[PDB]
Amino acid sequence: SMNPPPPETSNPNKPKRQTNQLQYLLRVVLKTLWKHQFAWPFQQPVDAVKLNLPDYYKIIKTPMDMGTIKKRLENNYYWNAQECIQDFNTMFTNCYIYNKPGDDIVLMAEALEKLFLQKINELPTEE
Amino acid sequence: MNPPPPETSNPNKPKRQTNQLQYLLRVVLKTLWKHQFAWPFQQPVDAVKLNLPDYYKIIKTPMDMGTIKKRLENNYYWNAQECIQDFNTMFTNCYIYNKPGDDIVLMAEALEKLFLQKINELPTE
Amino acid sequence: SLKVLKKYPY
């Protein structure tokens, strides 16, 4: 099985804006999660070829990863902070769906999600 | 904790280079390194990072291609057979530690098949 | 403890 094309990170037809919440999601939230000891599996699209996961893209219909999210933020792809938050949530829930409770990789995703939620609790009000 | 990585230099050996050792570096190590399944074998097993607290309880003779590369570069081996033994140790460790038929084992098996092809073509001394 | 290729760094 081939890998799918990665999720879109740029679309020049979409209107663009910068907000303080989107800036916080890049400079604080993404940065903090990126540097976490357990971030490595979540830093790029799951490479089902390299990792021999013939069923991954049968099971996970909406793939998402922090590499994509990073590019989306750097590209101003997101209009709403909530789109970005949804992408993080999709990443975590995909890991929970594909894997099983108490797999090490699930514990890694849980540690990143706990940190994520702590940083989102300090999301500034839209200026 | 991980152990220190295997020794790769021994200043109390004199230099002997041979066509068989040169072949082991320039052909055997090079070709295995570039194989699509080499990546887990290119450095020592990081039991700490990988959460394998029993790895070095079970494996007392660890070996990896990064170490073999360095040994060949530092003329650590006197003969080809010492180097061949290191490759074989690397494969057997994987077979000992991991469950038969797991991905990592299948990767090792593919590398070993390639290794045995290349050693069949070892030049004469 | 088990090697899981999906969480193997590269």
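Only the coordinates and a few stated rules stand behind these numbers; no lab work does. Note that we place each Cβ from the backbone using ideal geometry, even for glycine, and neighbour counts take in every protein chain shown.
Taking the criterion of being over 25 Å from B:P123 (Cα atoms), surrounded by 16 or more Cβ atoms within 10 Å (Cβ to Cβ) and out of contact with any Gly (no Cβ under 9 Å at 6 or more places or on another chain), the residues of segment B:5-55 that qualify are B:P6, B:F37, B:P40, B:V45, B:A47, B:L50, B:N51, B:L52, B:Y55. Taken over segment B:84-123, residues that are under 21 Å from B:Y56 (Cα atoms), of a type in the set (K, R) and part of a helix (DSSP H, G or I) amount to 0. The set of residues in segment A:66-81 that are of a type outside the set (K, R), surrounded by 16 or more Cβ atoms within 10 Å (Cβ to Cβ) and out of contact with any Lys or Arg (no Cβ under 8 Å at 6 or more places or on another chain) comprises A:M66, A:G67, A:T68, A:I69, A:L73, A:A81.
Among the residues of segment A:51-61, not a single one is away from every other protein chain (no Cβ under 13 Å) and touching a helix residue (DSSP H, G or I) at 6+ places or on another chain (Cβ under 8 Å). Of the residues making up segment B:90-118, just one is more than 20 Å from B:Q36 (Cβ to Cβ), of a type in the set (V, I, T) and either in contact (Cβ under 8 Å) with a residue 24 or more places away in the chain or buried (at least 18 other Cβ atoms within 10 Å of the Cβ) (or both), namely B:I96. Here B:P4 meets each of (1) away from every other protein chain (no Cβ under 14 Å); (2) touching a residue at least 24 places away in the same chain (Cβ under 8 Å) with one exception, condition (2). The single residue among A:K50, A:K61, A:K14, A:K71 that is closer than 26 Å to B:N51 by Cβ and of a type in the set (K, R) turns out to be A:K50. Listed conditions (1) closer than 21 Å to B:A108 by Cβ; (2) out of contact with any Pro (no Cβ under 8 Å at 6 or more places or on another chain); (3) assigned to a helix (DSSP H, G or I) are all met by B:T67, apart from (2).
Would you confirm whether or not segment B:54-65 contains a residue that is over 22 Å from C:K6 (Cα atoms) and touching a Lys or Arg at 6+ places or on another chain (Cβ under 7 Å)? Within segment B:54-65 (the criterion being over 22 Å from C:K6 (Cα atoms) and touching a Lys or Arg at 6+ places or on another chain (Cβ under 7 Å)), the answer is no, since none of the residues qualifies.
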